[PDB]
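Trainee: My structure file input-v3.pdb, PDB, C-alpha atoms, is below:
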```
ATOM      1  CA  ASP A 899      33.192   6.570-100.400  1.00  0.00           C
ATOM      2  CA  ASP A 900      33.644  10.072 -98.989  1.00  0.00           C
ATOM      3  CA  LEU A 901      34.293  11.895-102.290  1.00  0.00           C
ATOM      4  CA  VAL A 902      31.254  10.570-104.187  1.00  0.00           C
ATOM      5  CA  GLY A 903      28.225  12.624-103.227  1.00  0.00           C
ATOM      6  CA  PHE A 904      27.563  13.221 -99.538  1.00  0.00           C
ATOM      7  CA  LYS A 905      28.034  10.259 -97.209  1.00  0.00           C
ATOM      8  CA  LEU A 906      24.694  10.077 -95.391  1.00  0.00           C
ATOM      9  CA  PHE A 907      25.542   9.999 -91.688  1.00  0.00           C
ATOM     10  CA  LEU A 908      23.774   7.287 -89.690  1.00  0.00           C
ATOM     11  CA  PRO A 909      24.001   8.030 -85.944  1.00  0.00           C
ATOM     12  CA  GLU A 910      25.854   5.296 -84.048  1.00  0.00           C
ATOM     13  CA  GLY A 911      23.865   5.832 -80.845  1.00  0.00           C
ATOM     14  CA  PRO A 912      20.167   6.289 -80.151  1.00  0.00           C
ATOM     15  CA  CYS A 913      18.372   8.608 -82.546  1.00  0.00           C
ATOM     16  CA  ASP A 914      18.018  11.740 -80.454  1.00  0.00           C
ATOM     17  CA  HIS A 915      17.408  15.278 -81.730  1.00  0.00           C
ATOM     18  CA  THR A 916      18.517  18.859 -81.287  1.00  0.00           C
ATOM     19  CA  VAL A 917      17.149  22.068 -82.813  1.00  0.00           C
ATOM     20  CA  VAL A 918      20.030  24.411 -83.647  1.00  0.00           C
ATOM     21  CA  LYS A 919      20.167  27.843 -85.284  1.00  0.00           C
ATOM     22  CA  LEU A 920      22.378  27.070 -88.288  1.00  0.00           C
ATOM     23  CA  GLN A 921      24.118  29.470 -90.651  1.00  0.00           C
ATOM     24  CA  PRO A 922      23.874  28.920 -94.433  1.00  0.00           C
ATOM     25  CA  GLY A 923      27.490  27.801 -94.572  1.00  0.00           C
ATOM     26  CA  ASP A 924      27.081  25.171 -91.855  1.00  0.00           C
ATOM     27  CA  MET A 925      24.323  23.459 -93.874  1.00  0.00           C
ATOM     28  CA  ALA A 926      25.673  21.200 -96.623  1.00  0.00           C
ATOM     29  CA  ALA A 927      22.627  20.925 -98.848  1.00  0.00           C
ATOM     30  CA  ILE A 928      18.991  21.845 -99.409  1.00  0.00           C
ATOM     31  CA  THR A 929      17.420  18.481-100.146  1.00  0.00           C
ATOM     32  CA  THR A 930      14.608  18.124-102.668  1.00  0.00           C
ATOM     33  CA  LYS A 931      12.465  16.093-100.284  1.00  0.00           C
ATOM     34  CA  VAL A 932       9.399  17.840 -98.881  1.00  0.00           C
ATOM     35  CA  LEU A 933       8.385  16.637 -95.408  1.00  0.00           C
ATOM     36  CA  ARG A 934       5.421  18.813 -94.435  1.00  0.00           C
ATOM     37  CA  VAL A 935       6.178  18.783 -90.717  1.00  0.00           C
ATOM     38  CA  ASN A 936       5.078  21.691 -88.542  1.00  0.00           C
ATOM     39  CA  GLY A 937       8.091  23.751 -87.516  1.00  0.00           C
ATOM     40  CA  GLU A 938       6.116  25.898 -85.077  1.00  0.00           C
ATOM     41  CA  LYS A 939       5.029  22.928 -82.955  1.00  0.00           C
ATOM     42  CA  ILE A 940       8.517  21.409 -83.074  1.00  0.00           C
ATOM     43  CA  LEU A 941       9.963  24.678 -81.771  1.00  0.00           C
ATOM     44  CA  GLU A 942       7.208  25.022 -79.141  1.00  0.00           C
ATOM     45  CA  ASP A 943       8.168  21.502 -78.036  1.00  0.00           C
ATOM     46  CA  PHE A 944      11.983  21.562 -78.190  1.00  0.00           C
ATOM     47  CA  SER A 945      12.322  24.947 -76.471  1.00  0.00           C
ATOM     48  CA  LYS A 946       9.820  23.827 -73.822  1.00  0.00           C
ATOM     49  CA  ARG A 947      11.537  20.480 -73.204  1.00  0.00           C
ATOM     50  CA  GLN A 948      15.057  21.928 -72.997  1.00  0.00           C
ATOM     51  CA  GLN A 949      14.442  23.008 -69.421  1.00  0.00           C
ATOM     52  CA  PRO A 950      16.935  20.863 -67.445  1.00  0.00           C
ATOM     53  CA  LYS A 951      14.138  19.826 -65.064  1.00  0.00           C
ATOM     54  CA  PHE A 952      11.774  19.009 -67.965  1.00  0.00           C
ATOM     55  CA  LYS A 953      14.406  17.500 -70.283  1.00  0.00           C
ATOM     56  CA  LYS A 954      12.869  14.072 -69.548  1.00  0.00           C
ATOM     57  CA  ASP A 955       9.338  14.780 -70.775  1.00  0.00           C
ATOM     58  CA  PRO A 956       7.779  12.180 -73.102  1.00  0.00           C
ATOM     59  CA  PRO A 957       8.425  13.040 -76.757  1.00  0.00           C
ATOM     60  CA  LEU A 958       5.816  14.832 -78.830  1.00  0.00           C
ATOM     61  CA  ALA A 959       4.410  13.049 -81.857  1.00  0.00           C
ATOM     62  CA  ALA A 960       5.505  15.710 -84.350  1.00  0.00           C
ATOM     63  CA  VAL A 961       9.061  15.746 -82.989  1.00  0.00           C
ATOM     64  CA  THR A 962       9.373  11.957 -82.848  1.00  0.00           C
ATOM     65  CA  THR A 963       7.907  11.779 -86.350  1.00  0.00           C
ATOM     66  CA  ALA A 964      10.427  14.317 -87.663  1.00  0.00           C
ATOM     67  CA  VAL A 965      13.347  12.498 -86.012  1.00  0.00           C
ATOM     68  CA  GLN A 966      12.205   9.144 -87.384  1.00  0.00           C
ATOM     69  CA  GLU A 967      11.663  10.703 -90.814  1.00  0.00           C
ATOM     70  CA  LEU A 968      15.196  12.115 -90.846  1.00  0.00           C
ATOM     71  CA  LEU A 969      16.755   8.850 -89.679  1.00  0.00           C
ATOM     72  CA  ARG A 970      14.967   6.814 -92.337  1.00  0.00           C
ATOM     73  CA  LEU A 971      15.825   9.472 -94.931  1.00  0.00           C
ATOM     74  CA  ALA A 972      19.469   8.905 -94.051  1.00  0.00           C
ATOM     75  CA  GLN A 973      18.762   5.193 -94.391  1.00  0.00           C
ATOM     76  CA  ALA A 974      16.403   5.679 -97.384  1.00  0.00           C
ATOM     77  CA  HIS A 975      18.980   7.098 -99.842  1.00  0.00           C
ATOM     78  CA  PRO A 976      22.006   5.102-101.065  1.00  0.00           C
ATOM     79  CA  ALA A 977      24.344   8.097-101.454  1.00  0.00           C
ATOM     80  CA  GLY A 978      22.357  11.190-100.477  1.00  0.00           C
ATOM     81  CA  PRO A 979      19.096  12.557-101.833  1.00  0.00           C
ATOM     82  CA  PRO A 980      19.284  15.125-104.637  1.00  0.00           C
ATOM     83  CA  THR A 981      19.621  18.736-103.586  1.00  0.00           C
ATOM     84  CA  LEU A 982      17.399  21.434-104.987  1.00  0.00           C
ATOM     85  CA  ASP A 983      19.620  21.742-108.031  1.00  0.00           C
ATOM     86  CA  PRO A 984      20.428  25.347-109.038  1.00  0.00           C
ATOM     87  CA  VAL A 985      19.918  24.414-112.693  1.00  0.00           C
ATOM     88  CA  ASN A 986      17.734  21.322-112.772  1.00  0.00           C
ATOM     89  CA  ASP A 987      15.350  22.291-109.966  1.00  0.00           C
ATOM     90  CA  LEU A 988      15.901  26.021-109.410  1.00  0.00           C
ATOM     91  CA  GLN A 989      15.947  26.894-113.149  1.00  0.00           C
ATOM     92  CA  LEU A 990      19.223  28.815-113.398  1.00  0.00           C
ATOM     93  CA  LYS A 991      21.357  29.266-116.485  1.00  0.00           C
ATOM     94  CA  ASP A 992      25.069  29.761-115.707  1.00  0.00           C
ATOM     95  CA  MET A 993      27.052  27.773-118.297  1.00  0.00           C
ATOM     96  CA  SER A 994      30.173  27.592-116.118  1.00  0.00           C
ATOM     97  CA  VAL A 995      28.193  25.761-113.441  1.00  0.00           C
ATOM     98  CA  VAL A 996      27.059  23.144-115.965  1.00  0.00           C
ATOM     99  CA  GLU A 997      30.683  22.597-116.970  1.00  0.00           C
TER
END
```
Translate this file's structure into structure tokens.

Mentor:
Amino acid sequence: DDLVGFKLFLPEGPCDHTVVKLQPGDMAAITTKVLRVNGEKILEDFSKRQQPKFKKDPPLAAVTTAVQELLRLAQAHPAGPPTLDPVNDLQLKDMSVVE
């Protein structure tokens, strides 16, 4: 179950969120799915809320929507959604990679 595709993690607790500055190597895959969510507003909401005194503000609709979208996406794919394939979506031509 762990060596076939990427086991889509389903959080065992409540579906919270963080916004982290990730490196390319810490990110497993670039999924093909396109969720046209507004990053600017999500940043202008997360960074605002992460004041310890204002950590308990009511969630913003864009942030809640993104969190819900990610959680269902984890639920919505049996073994992991396709990544933006180097060959079949990014149009590359290395033969060794096909092998």

Trainee: Go ahead and fit an axis-aligned box to every listed atom of stretch 945-960 of chain A plus 6 Å each side, and pass me the centre and edge lengths in Å, one decimal, as AutoDock Vina command-line options.

Mentor:
```
--center_x 10.7 --center_y 18.6 --center_z -74.7 --size_x 24.5 --size_y 24.8 --size_z 31.3
```

Trainee: Kindly assemble as CSV a list of the stretch 961-990 of chain A residues that lie within 8 Å of stretch 917-941 of chain A, each paired with its nearest atom pair and their distance in Å to one decimal, using all atoms listed in the file, sorted first by chain and then by ascending residue number.

Mentor:
```
residue,atom,partner,partner_atom,distance
A:961,CA,A:940,CA,5.7
A:964,CA,A:935,CA,6.9
A:979,CA,A:929,CA,6.4
A:980,CA,A:930,CA,5.9
A:981,CA,A:929,CA,4.1
A:982,CA,A:930,CA,4.9
```

Trainee: Record the distance separating atom CA of residue A:946 and atom CA of residue A:914, expressed in Å with one decimal.

Mentor: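 Interatomic distance, atom CA of residue A:946 to atom CA of residue A:914: 16.0 Å.
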
Trainee: So what do you get for atom CA of residue A:955 versus atom CA of residue A:973, distance-wise?

Mentor: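 Computing it gives 27.2 Å between the two atoms.
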
Trainee: Residues within 10 Å of residue A:899, please, as a list in words. Count all atoms listed in the file; anything in the same chain fewer than 5 positions from it doesn't count.

Mentor: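 Residues meeting the cut-off are residues 904, 905 and 977 of chain A.
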
Trainee: Do you know which residues are at most 9 Å from residue A:957 counting only C-alpha atoms, after dropping those on the same chain fewer than 4 positions away, and could you put them as a ChimeraX atom specification?

Mentor: /A:943,947,961-962

Trainee: Between atom CA of residue A:951 and atom CA of residue A:966, measure the distance and give it in Å to one decimal.

Mentor: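 So the two atoms, atom CA of residue A:951 and atom CA of residue A:966, lie 24.8 Å apart.
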
Trainee: Report as a list in words all protein, DNA and RNA residues lying within 12 Å of residue A:911, evaluated on all atoms listed in the file, omitting residues in the same chain fewer than 4 positions from it.

Mentor: residues 907, 915 and 969 of chain A
